[PDB]
Amino acid sequence: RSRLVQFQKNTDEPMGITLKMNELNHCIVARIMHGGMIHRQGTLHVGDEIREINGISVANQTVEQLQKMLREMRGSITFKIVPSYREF
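Here the sequence shown stands for residues 20 to 107, numbered as in the working numbering.
What follows is the structure, given as structure tokens:
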């Protein structure tokens, strides 16, 4: 019950998000900067769990690796996520 979300990062502007790195077993979107890149597009919500980034499993990386990875990426970025918001 996951989902794929994509967005372009063809600039050096930050994505405008804060991720919880404490436990890569469950990497959570902790904050989304208002007006930021992620925000204006609606690509993510606070609470969503990021499972993969361009097919790479977040659970198998180190904070250092994940940190550098995300910041150095440019072009198309695809996140495999477990959405936190559900309507009933």
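Ideal Cβ positions, reconstructed from N, Cα and C, are used throughout, including at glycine.
Beta-carbon separation (whole angstroms), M40 vs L85, contact threshold 8 Å: Position 21 of the sequence shown holds residue 40. Position 66 of the sequence shown holds residue 85. Indeed they touch by this definition, with Cβ atoms about 7 Å apart.
Buried or exposed by the 16-neighbour rule on C-beta atoms within 10 Å, applied to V48: Looking up residue 48 in the sequence shown gives position 29. Buried is the call here.
Range covered by the beta strand (DSSP E) that runs through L85: If you number the sequence shown from 1, residue 85 lands on position 66. Segment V82 to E91 is the alpha helix (DSSP H) holding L85; no beta strand (DSSP E) there.
For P102 and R22, believed in contact at Cβ under 8 Å, the rounded distance: Locating residue 22 in the sequence shown gives position 3, counting from the first residue. Locating residue 102 in the sequence shown gives position 83, counting from the first residue. Right, their Cβ atoms sit about 6 Å apart.
Burial state of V82, where buried means 16 or more other Cβ atoms lie within 10 Å: In the sequence shown, counting from the first residue as 1, residue 82 sits at position 63. It counts as exposed.
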